[PDB]
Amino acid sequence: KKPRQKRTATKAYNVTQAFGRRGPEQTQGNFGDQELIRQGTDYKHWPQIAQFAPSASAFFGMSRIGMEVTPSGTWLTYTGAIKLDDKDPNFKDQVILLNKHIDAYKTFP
């Protein structure tokens, strides 16, 4: 299997198979409701979320990058913020869609 950062989740190799379970810890992802976790890029509204992911150039250009070492190895750390356009005609739906998936695991039944 490809290095983690190059994995593409789909129904056949889903979000928790490729990127681990959702949770509150620093090395855990917190994004994705039950539908997105199970479907990955097969998720119907996936393109509306992917529009906000950065290109390789923007990931290294916009982010604060670091290099940390832990008992498990060497990690490339990254942090940043992407400004949405609150004048985009779909701004209201984009906010609803992102929030729907942000910390969705906290209310899984």
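So that there is no doubt, residue numbering starts at 1 and follows the sequence shown. Think of the rigid core as the biggest set of C-alphas that the two forms share within 1.5 Å after superposition.
After superposing on the rigid core, the larger RMS C-alpha deviation in 8 other deposited structures of this protein belongs to 67-75, the other candidate being whichever of 80-88 and 67-75 remains.
Just going by the entry, 19-27 versus 94-102 on mean CA temperature factor gives the higher value to 19-27.
The top Cα temperature factor in the record, among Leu84, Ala58, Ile49, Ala81, falls on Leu84. In the deposited entry, the Cα temperature factor of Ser72 sits in the top third of values across the chain's modelled residues.
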